[PDB]
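Below is start23.cif, which holds mmCIF, N, CA, C and O atoms.
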data_start
#
loop_
_atom_site.label_atom_id
_atom_site.label_comp_id
_atom_site.auth_asym_id
_atom_site.auth_seq_id
_atom_site.Cartn_x
_atom_site.Cartn_y
_atom_site.Cartn_z
N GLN A 628 -1.02 -0.63 15.64
CA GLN A 628 -2.42 -0.96 15.87
C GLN A 628 -2.58 -2.22 16.71
O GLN A 628 -3.60 -2.40 17.39
N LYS A 629 -1.60 -3.13 16.65
CA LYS A 629 -1.62 -4.29 17.53
C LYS A 629 -1.48 -3.88 18.99
O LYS A 629 -2.11 -4.46 19.88
N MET A 630 -0.64 -2.87 19.25
CA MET A 630 -0.53 -2.30 20.59
C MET A 630 -1.82 -1.59 20.98
O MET A 630 -2.22 -1.61 22.15
N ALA A 631 -2.47 -0.95 20.01
CA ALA A 631 -3.61 -0.09 20.30
C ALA A 631 -4.85 -0.89 20.66
O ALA A 631 -5.60 -0.54 21.58
N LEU A 632 -5.11 -1.98 19.92
CA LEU A 632 -6.19 -2.90 20.27
C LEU A 632 -5.95 -3.57 21.61
O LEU A 632 -6.90 -3.95 22.30
N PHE A 633 -4.69 -3.75 22.00
CA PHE A 633 -4.40 -4.25 23.33
C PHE A 633 -4.77 -3.23 24.40
O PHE A 633 -5.39 -3.57 25.41
N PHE A 634 -4.39 -1.97 24.18
CA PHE A 634 -4.59 -0.95 25.21
C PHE A 634 -6.04 -0.52 25.30
O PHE A 634 -6.44 0.14 26.26
N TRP A 635 -6.84 -0.86 24.29
CA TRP A 635 -8.27 -0.59 24.37
C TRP A 635 -8.98 -1.56 25.31
O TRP A 635 -9.98 -1.18 25.93
N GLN A 636 -8.48 -2.78 25.45
CA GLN A 636 -9.01 -3.77 26.38
C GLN A 636 -8.71 -3.49 27.84
O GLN A 636 -9.39 -4.05 28.71
N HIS A 637 -7.73 -2.66 28.15
CA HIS A 637 -7.35 -2.43 29.53
C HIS A 637 -7.50 -0.96 29.86
O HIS A 637 -7.11 -0.09 29.07
N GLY A 638 -8.06 -0.69 31.03
CA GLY A 638 -8.49 0.65 31.40
C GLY A 638 -9.96 0.87 31.12
O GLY A 638 -10.63 0.09 30.44
N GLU A 639 -10.46 1.97 31.67
CA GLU A 639 -11.88 2.28 31.60
C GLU A 639 -12.12 3.16 30.36
O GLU A 639 -11.21 3.33 29.53
N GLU A 640 -13.34 3.68 30.23
CA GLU A 640 -13.76 4.64 29.21
C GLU A 640 -13.57 4.08 27.80
O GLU A 640 -13.13 4.78 26.89
N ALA A 641 -13.90 2.80 27.65
CA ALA A 641 -13.61 2.05 26.42
C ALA A 641 -14.41 2.57 25.23
O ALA A 641 -13.90 2.62 24.11
N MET A 642 -15.67 2.93 25.46
CA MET A 642 -16.50 3.48 24.39
C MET A 642 -15.96 4.82 23.91
O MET A 642 -15.98 5.13 22.72
N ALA A 643 -15.45 5.62 24.85
CA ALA A 643 -14.80 6.88 24.50
C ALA A 643 -13.51 6.63 23.72
O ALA A 643 -13.21 7.36 22.77
N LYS A 644 -12.73 5.63 24.14
CA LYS A 644 -11.47 5.33 23.48
C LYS A 644 -11.66 4.89 22.04
O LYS A 644 -10.86 5.25 21.17
N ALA A 645 -12.70 4.10 21.77
CA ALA A 645 -12.98 3.64 20.41
C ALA A 645 -13.32 4.80 19.48
O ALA A 645 -12.87 4.85 18.33
N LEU A 646 -14.13 5.75 19.97
CA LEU A 646 -14.55 6.86 19.13
C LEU A 646 -13.42 7.85 18.88
O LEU A 646 -13.22 8.31 17.75
N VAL A 647 -12.67 8.19 19.93
CA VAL A 647 -11.62 9.20 19.81
C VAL A 647 -10.46 8.67 18.98
O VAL A 647 -9.85 9.39 18.18
N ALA A 648 -10.14 7.38 19.14
CA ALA A 648 -9.14 6.74 18.28
C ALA A 648 -9.58 6.76 16.83
O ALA A 648 -8.77 7.02 15.94
N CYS A 649 -10.87 6.53 16.57
CA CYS A 649 -11.41 6.62 15.21
C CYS A 649 -11.29 8.03 14.64
O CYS A 649 -11.10 8.21 13.43
N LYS A 650 -11.43 9.05 15.49
CA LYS A 650 -11.30 10.44 15.04
C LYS A 650 -9.86 10.76 14.68
O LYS A 650 -9.58 11.23 13.57
N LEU A 651 -8.94 10.52 15.61
CA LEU A 651 -7.51 10.76 15.41
C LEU A 651 -6.90 9.91 14.31
O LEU A 651 -5.84 10.25 13.78
N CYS A 652 -7.53 8.79 13.98
CA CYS A 652 -6.93 7.92 12.99
C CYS A 652 -7.27 8.44 11.60
O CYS A 652 -6.36 8.84 10.87
N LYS A 653 -8.56 8.50 11.25
CA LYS A 653 -8.98 8.81 9.88
C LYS A 653 -8.59 10.22 9.47
O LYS A 653 -8.28 10.48 8.30
N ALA A 654 -8.59 11.15 10.42
CA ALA A 654 -8.10 12.50 10.15
C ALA A 654 -6.61 12.49 9.84
O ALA A 654 -6.16 13.20 8.93
N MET A 655 -5.83 11.69 10.58
CA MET A 655 -4.41 11.56 10.30
C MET A 655 -4.15 10.87 8.97
O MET A 655 -3.09 11.05 8.36
N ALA A 656 -5.09 10.05 8.51
CA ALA A 656 -4.99 9.42 7.20
C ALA A 656 -5.12 10.43 6.09
O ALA A 656 -4.22 10.55 5.25
N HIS A 657 -6.24 11.15 6.08
CA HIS A 657 -6.55 12.00 4.94
C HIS A 657 -5.69 13.26 4.93
O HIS A 657 -5.46 13.86 3.88
N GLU A 658 -5.18 13.66 6.10
CA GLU A 658 -4.24 14.76 6.13
C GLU A 658 -2.87 14.31 5.64
O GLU A 658 -2.12 15.09 5.05
N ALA A 659 -2.53 13.04 5.87
CA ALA A 659 -1.28 12.52 5.32
C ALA A 659 -1.40 12.23 3.84
O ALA A 659 -0.39 12.14 3.14
N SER A 660 -2.63 12.06 3.33
CA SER A 660 -2.80 11.88 1.90
C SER A 660 -2.91 13.20 1.16
O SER A 660 -2.99 13.19 -0.07
N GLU A 661 -2.95 14.32 1.89
CA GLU A 661 -2.65 15.60 1.27
C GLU A 661 -1.22 15.60 0.74
O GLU A 661 -0.97 15.95 -0.42
N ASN A 662 -0.28 15.16 1.57
CA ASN A 662 1.08 14.90 1.11
C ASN A 662 1.18 13.64 0.26
O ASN A 662 2.18 13.50 -0.45
N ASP A 663 0.15 12.79 0.33
CA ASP A 663 0.19 11.48 -0.38
C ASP A 663 1.60 10.90 -0.28
O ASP A 663 2.25 10.74 -1.33
N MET A 664 2.05 10.63 0.95
CA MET A 664 3.40 10.03 1.15
C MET A 664 3.25 8.50 1.20
O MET A 664 2.56 8.02 2.12
N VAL A 665 3.87 7.79 0.26
CA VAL A 665 3.71 6.30 0.19
C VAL A 665 2.26 5.93 0.55
O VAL A 665 2.03 5.43 1.68
N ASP A 666 1.33 6.13 -0.39
CA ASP A 666 -0.11 5.86 -0.11
C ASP A 666 -0.27 4.53 0.64
O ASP A 666 -1.25 4.43 1.42
N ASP A 667 0.61 3.55 0.44
CA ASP A 667 0.37 2.34 1.22
C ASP A 667 -0.03 2.66 2.66
O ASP A 667 -0.93 2.03 3.21
N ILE A 668 0.64 3.65 3.26
CA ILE A 668 0.42 4.09 4.63
C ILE A 668 -1.02 4.55 4.82
O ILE A 668 -1.66 4.20 5.82
N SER A 669 -1.55 5.29 3.85
CA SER A 669 -2.85 5.93 4.03
C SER A 669 -4.00 4.92 4.02
O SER A 669 -4.85 4.94 4.91
N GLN A 670 -4.04 4.01 3.03
CA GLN A 670 -5.15 3.06 2.98
C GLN A 670 -5.06 1.98 4.06
O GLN A 670 -6.09 1.39 4.42
N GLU A 671 -3.87 1.69 4.58
CA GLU A 671 -3.84 0.77 5.71
C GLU A 671 -4.23 1.48 7.00
O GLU A 671 -4.53 0.84 8.01
N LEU A 672 -4.20 2.81 7.00
CA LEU A 672 -4.48 3.52 8.23
C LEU A 672 -5.96 3.88 8.28
O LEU A 672 -6.59 3.85 9.34
N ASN A 673 -6.56 4.18 7.11
CA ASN A 673 -8.01 4.09 6.98
C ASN A 673 -8.53 2.69 7.24
O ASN A 673 -9.67 2.53 7.68
N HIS A 674 -7.73 1.67 6.95
CA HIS A 674 -8.11 0.31 7.34
C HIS A 674 -8.23 0.21 8.85
O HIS A 674 -9.17 -0.40 9.37
N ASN A 675 -7.32 0.86 9.58
CA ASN A 675 -7.43 0.96 11.03
C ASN A 675 -8.60 1.84 11.45
O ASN A 675 -9.12 1.70 12.56
N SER A 676 -9.01 2.77 10.59
CA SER A 676 -10.17 3.60 10.87
C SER A 676 -11.47 2.80 10.81
O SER A 676 -12.40 3.10 11.55
N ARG A 677 -11.56 1.82 9.91
CA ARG A 677 -12.70 0.91 9.96
C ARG A 677 -12.56 -0.13 11.07
O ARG A 677 -13.55 -0.66 11.55
N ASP A 678 -11.32 -0.48 11.45
CA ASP A 678 -11.15 -1.42 12.55
C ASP A 678 -11.65 -0.84 13.87
O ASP A 678 -12.50 -1.43 14.53
N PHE A 679 -11.16 0.35 14.23
CA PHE A 679 -11.67 1.04 15.40
C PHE A 679 -13.09 1.52 15.18
O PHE A 679 -13.86 1.69 16.13
N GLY A 680 -13.45 1.76 13.92
CA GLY A 680 -14.80 2.21 13.60
C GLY A 680 -15.84 1.15 13.87
O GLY A 680 -16.97 1.46 14.26
N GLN B 681 -2.33 -11.91 -14.53
CA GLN B 681 -2.56 -12.13 -13.10
C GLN B 681 -1.25 -12.44 -12.38
O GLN B 681 -1.02 -11.94 -11.27
N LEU B 682 -0.39 -13.24 -13.00
CA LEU B 682 0.95 -13.50 -12.47
C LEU B 682 1.77 -12.22 -12.37
O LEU B 682 2.48 -12.00 -11.38
N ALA B 683 1.68 -11.35 -13.38
CA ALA B 683 2.34 -10.05 -13.35
C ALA B 683 1.86 -9.18 -12.19
O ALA B 683 2.67 -8.58 -11.47
N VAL B 684 0.54 -9.15 -11.98
CA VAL B 684 -0.04 -8.34 -10.91
C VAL B 684 0.39 -8.86 -9.55
O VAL B 684 0.84 -8.09 -8.70
N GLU B 685 0.28 -10.18 -9.33
CA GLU B 685 0.66 -10.76 -8.04
C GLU B 685 2.15 -10.64 -7.77
O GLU B 685 2.57 -10.46 -6.63
N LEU B 686 2.97 -10.72 -8.82
CA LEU B 686 4.41 -10.58 -8.62
C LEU B 686 4.77 -9.14 -8.27
O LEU B 686 5.63 -8.89 -7.41
N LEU B 687 4.09 -8.16 -8.89
CA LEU B 687 4.30 -6.76 -8.52
C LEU B 687 3.81 -6.50 -7.10
O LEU B 687 4.44 -5.75 -6.34
N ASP B 688 2.67 -7.10 -6.74
CA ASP B 688 2.12 -7.01 -5.39
C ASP B 688 3.09 -7.52 -4.34
O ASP B 688 3.32 -6.85 -3.33
N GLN B 689 3.68 -8.69 -4.57
CA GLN B 689 4.61 -9.27 -3.62
C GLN B 689 5.91 -8.46 -3.56
O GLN B 689 6.50 -8.30 -2.48
N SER B 690 6.33 -7.92 -4.71
CA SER B 690 7.47 -7.00 -4.73
C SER B 690 7.20 -5.77 -3.88
O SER B 690 8.07 -5.29 -3.15
N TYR B 691 5.96 -5.27 -3.93
CA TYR B 691 5.59 -4.09 -3.15
C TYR B 691 5.47 -4.43 -1.67
O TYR B 691 5.74 -3.58 -0.81
N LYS B 692 5.04 -5.65 -1.35
CA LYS B 692 5.00 -6.07 0.05
C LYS B 692 6.39 -6.23 0.63
O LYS B 692 6.62 -5.95 1.82
N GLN B 693 7.35 -6.67 -0.18
CA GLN B 693 8.70 -6.86 0.33
C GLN B 693 9.45 -5.54 0.46
O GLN B 693 9.81 -5.14 1.57
N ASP B 694 9.69 -4.87 -0.66
CA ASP B 694 10.40 -3.59 -0.66
C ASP B 694 9.88 -2.74 -1.81
O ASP B 694 9.93 -3.16 -2.97
N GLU B 695 9.39 -1.54 -1.48
CA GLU B 695 8.89 -0.62 -2.50
C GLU B 695 10.02 -0.12 -3.40
O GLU B 695 9.81 0.04 -4.61
N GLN B 696 11.20 0.11 -2.83
CA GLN B 696 12.31 0.72 -3.56
C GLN B 696 12.82 -0.20 -4.66
O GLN B 696 12.95 0.20 -5.82
N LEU B 697 13.10 -1.46 -4.31
CA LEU B 697 13.56 -2.41 -5.32
C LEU B 697 12.46 -2.75 -6.31
O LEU B 697 12.75 -3.14 -7.45
N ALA B 698 11.19 -2.58 -5.92
CA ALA B 698 10.10 -2.66 -6.89
C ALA B 698 10.17 -1.53 -7.91
O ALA B 698 9.93 -1.75 -9.10
N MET B 699 10.51 -0.31 -7.45
CA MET B 699 10.74 0.79 -8.39
C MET B 699 11.90 0.49 -9.34
O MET B 699 11.79 0.72 -10.55
N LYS B 700 13.01 -0.03 -8.80
CA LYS B 700 14.13 -0.44 -9.65
C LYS B 700 13.74 -1.56 -10.61
O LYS B 700 14.32 -1.69 -11.69
N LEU B 701 12.78 -2.40 -10.22
CA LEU B 701 12.28 -3.42 -11.13
C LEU B 701 11.48 -2.82 -12.28
O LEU B 701 11.64 -3.23 -13.44
N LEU B 702 10.62 -1.85 -11.99
CA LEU B 702 9.76 -1.29 -13.04
C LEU B 702 10.54 -0.40 -14.00
O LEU B 702 10.37 -0.49 -15.22
N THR B 703 11.41 0.48 -13.49
CA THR B 703 12.10 1.40 -14.40
C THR B 703 13.25 0.74 -15.17
O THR B 703 13.85 1.39 -16.03
N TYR B 704 13.57 -0.51 -14.86
CA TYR B 704 14.69 -1.21 -15.48
C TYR B 704 14.57 -1.38 -16.99
O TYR B 704 13.51 -1.73 -17.52
N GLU B 705 15.68 -1.12 -17.68
CA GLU B 705 15.82 -1.38 -19.11
C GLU B 705 16.10 -2.84 -19.39
O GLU B 705 17.20 -3.33 -19.13
N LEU B 706 15.13 -3.54 -19.98
CA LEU B 706 15.26 -4.97 -20.23
C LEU B 706 16.05 -5.19 -21.52
O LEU B 706 15.54 -5.10 -22.63
N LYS B 707 17.35 -5.47 -21.33
CA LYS B 707 18.31 -5.63 -22.41
C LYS B 707 17.93 -6.74 -23.39
O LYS B 707 18.12 -6.61 -24.60
N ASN B 708 17.40 -7.84 -22.87
CA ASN B 708 16.95 -8.93 -23.73
C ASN B 708 15.66 -8.55 -24.45
O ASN B 708 15.46 -8.92 -25.62
N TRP B 709 14.78 -7.82 -23.78
CA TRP B 709 13.45 -7.50 -24.31
C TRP B 709 13.45 -6.12 -24.97
O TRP B 709 12.70 -5.21 -24.61
N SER B 710 14.35 -5.99 -25.95
CA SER B 710 14.39 -4.89 -26.93
C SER B 710 14.62 -3.53 -26.28
O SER B 710 14.14 -2.50 -26.77
N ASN B 711 15.35 -3.53 -25.16
CA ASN B 711 15.78 -2.34 -24.42
C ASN B 711 14.62 -1.47 -23.95
O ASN B 711 14.78 -0.26 -23.76
N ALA B 712 13.45 -2.07 -23.77
CA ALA B 712 12.28 -1.38 -23.26
C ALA B 712 12.08 -1.74 -21.79
O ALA B 712 12.63 -2.71 -21.28
N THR B 713 11.26 -0.96 -21.09
CA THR B 713 11.04 -1.19 -19.67
C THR B 713 9.77 -2.01 -19.50
O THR B 713 9.10 -2.36 -20.47
N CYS B 714 9.46 -2.30 -18.24
CA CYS B 714 8.26 -3.07 -17.92
C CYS B 714 7.00 -2.27 -18.20
O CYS B 714 5.96 -2.83 -18.57
N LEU B 715 7.08 -0.95 -18.03
CA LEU B 715 5.92 -0.09 -18.23
C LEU B 715 5.48 -0.09 -19.69
O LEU B 715 4.28 -0.20 -19.99
N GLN B 716 6.43 0.04 -20.61
CA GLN B 716 6.11 0.10 -22.03
C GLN B 716 5.57 -1.23 -22.53
O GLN B 716 4.65 -1.27 -23.36
N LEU B 717 6.12 -2.34 -22.02
CA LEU B 717 5.62 -3.66 -22.38
C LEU B 717 4.23 -3.89 -21.80
O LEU B 717 3.40 -4.57 -22.42
N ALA B 718 3.96 -3.34 -20.62
CA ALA B 718 2.64 -3.49 -20.01
C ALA B 718 1.58 -2.68 -20.74
O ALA B 718 0.46 -3.16 -20.95
N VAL B 719 1.90 -1.44 -21.09
CA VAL B 719 0.95 -0.58 -21.80
C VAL B 719 0.78 -1.04 -23.24
O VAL B 719 -0.28 -0.85 -23.85
N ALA B 720 1.81 -1.69 -23.79
CA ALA B 720 1.64 -2.45 -25.02
C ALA B 720 0.60 -3.55 -24.85
O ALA B 720 -0.28 -3.73 -25.69
N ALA B 721 0.66 -4.26 -23.72
CA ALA B 721 -0.26 -5.34 -23.40
C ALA B 721 -1.65 -4.87 -22.99
O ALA B 721 -2.52 -5.71 -22.75
N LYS B 722 -1.85 -3.54 -22.89
CA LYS B 722 -3.12 -2.91 -22.49
C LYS B 722 -3.59 -3.36 -21.11
O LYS B 722 -4.78 -3.28 -20.81
N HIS B 723 -2.69 -3.86 -20.27
CA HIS B 723 -3.10 -4.60 -19.08
C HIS B 723 -3.34 -3.57 -17.98
O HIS B 723 -2.43 -2.90 -17.49
N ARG B 724 -4.61 -3.43 -17.63
CA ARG B 724 -5.07 -2.30 -16.83
C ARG B 724 -4.68 -2.42 -15.37
O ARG B 724 -4.30 -1.42 -14.75
N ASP B 725 -4.76 -3.62 -14.81
CA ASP B 725 -4.57 -3.79 -13.38
C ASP B 725 -3.10 -3.62 -12.99
O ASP B 725 -2.79 -3.28 -11.84
N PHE B 726 -2.19 -3.92 -13.92
CA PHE B 726 -0.77 -3.72 -13.67
C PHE B 726 -0.46 -2.25 -13.45
O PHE B 726 0.22 -1.87 -12.48
N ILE B 727 -0.97 -1.40 -14.35
CA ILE B 727 -0.80 0.04 -14.26
C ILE B 727 -1.59 0.60 -13.09
O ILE B 727 -1.14 1.52 -12.41
N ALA B 728 -2.75 0.02 -12.80
CA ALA B 728 -3.62 0.50 -11.73
C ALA B 728 -3.09 0.20 -10.33
O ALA B 728 -3.69 0.65 -9.36
N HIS B 729 -2.02 -0.58 -10.22
CA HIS B 729 -1.46 -0.90 -8.91
C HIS B 729 -0.79 0.35 -8.34
O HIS B 729 -0.38 1.24 -9.09
N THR B 730 -0.72 0.41 -7.01
CA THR B 730 -0.23 1.57 -6.28
C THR B 730 1.22 1.92 -6.62
O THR B 730 1.57 3.09 -6.76
N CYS B 731 2.08 0.89 -6.77
CA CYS B 731 3.51 1.08 -7.00
C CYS B 731 3.80 1.85 -8.29
O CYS B 731 4.52 2.86 -8.28
N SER B 732 3.23 1.38 -9.40
CA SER B 732 3.47 2.01 -10.69
C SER B 732 2.85 3.41 -10.74
O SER B 732 3.42 4.32 -11.35
#
Output the structure of this file as structure tokens.
Amino acid sequence: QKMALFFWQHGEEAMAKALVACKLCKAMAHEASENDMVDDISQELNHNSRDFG
Amino acid sequence: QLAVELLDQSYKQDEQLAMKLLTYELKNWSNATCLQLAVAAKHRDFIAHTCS
């Protein structure tokens, strides 16, 4: 996510990048919590969903 | 609170050795584990943590 916030500052279509990253993030969270693999991963990645959100 | 923060820091460092910490048989403490002593203590936040 440190790389991702960097790459959001450079290049165009920034409003699009914020929304699509928010889509791909939170969906990847809750689908990974179907497997509930080391939940630590899931709530920090929803944390990134509110960050991009 | 010290128990909760120590489990938290154990989980921040390594989840696996935190598991070895919780399931451990405490030879001095009547051969019981941390879980049984915690549920004896009725301490809700310890059990409510992600690791346990």
Hey, could you make a per-residue contact list for chain A against chain B with 8 Å as the cut-off, showing the nearest pair of atoms and its distance in Å to one decimal, counting all atoms listed in the file, sorted by chain and number, as a Markdown table?
| residue | atom | partner | partner_atom | distance |
| --- | --- | --- | --- | --- |
| A:665 | C | B:730 | O | 7.9 |
| A:666 | N | B:730 | O | 7.1 |
| A:667 | N | B:730 | CA | 7.1 |
Q.
Report as a list in words all protein, DNA and RNA residues lying within 7 Å of region 645-661 of chain A, evaluated on only N, CA, C and O atoms, omitting residues in the same chain fewer than 2 positions from it.
A. residues 635, 640, 641, 642, 643, 663, 664, 665, 666, 668, 669, 670, 672, 673, 675, 676, 679 and 680 of chain A
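Shortest atom-to-atom contact with residue 686 (chain B) among B:711, B:704, B:729, B:724: B:729, counting only C-alpha atoms.
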Q: Evaluate the PyMOL selection byres (((chain B and resi 683 and name CA) around 10) and name CA) here and jot the selected residues down as number ranges by chain.
A: B: 681-682, 684-688, 718, 723, 725-726
Q) In Å, with one decimal, what is the gap from atom O of residue 678 (chain A) to atom O of residue 694 (chain B)? A)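 We find that atom O of residue 678 (chain A) and atom O of residue 694 (chain B) lie 28.5 Å from each other.
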Q: Have a look at CA of residue 697 (chain B) and CA of residue 710 (chain B) and let me know their distance in Å, one decimal.
A: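 So the answer is 21.8 Å.
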**Q.** d(CA of residue 674 (chain A), CA of residue 689 (chain B)) in Å
**A.**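 Computed distance, CA of residue 674 (chain A) to CA of residue 689 (chain B), equals 19.3 Å.
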